[PDB]
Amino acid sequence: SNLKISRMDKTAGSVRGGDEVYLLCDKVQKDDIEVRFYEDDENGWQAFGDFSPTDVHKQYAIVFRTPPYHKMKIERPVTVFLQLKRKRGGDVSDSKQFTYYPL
């Protein structure tokens, strides 16, 4: 049923992507789960955490890699959101913060 991010390993990363995040969550199916990063402007940026079905641990955790931001040129730390999302299902989770850094 409903999707919950219980807690996360970390809530900040480099704008360049690649940061490894341990997300703890309620029951998920390895083959019907996606981690969507987003920004809710008219710009409407989205991206997906990079992981595989084997990185999904006993139905209750995901180990994944952050995607890049849409740009590296920022001089004050930016904040985007993220949610769990079923590929087939539409339904998503309560969306946690994530924060991108320069350099």
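Numbering starts at 1 and runs along the sequence shown.
As listed in the deposited structure, the average C-alpha B-factor of 14-22 and of 83-91 is greater for 83-91. Averaged over their C-alpha atoms, the temperature factors of 39-47 and 64-72 are higher for 39-47. Sort the chain's modelled residues by C-alpha temperature factor and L3 lands in the highest third, per the entry.
Sort the chain's modelled residues by C-alpha temperature factor and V78 lands in the middle third, per the entry. Per the deposited record, the Cα B-factor of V28 falls in the middle third when ranked against the other modelled residues of its chain.
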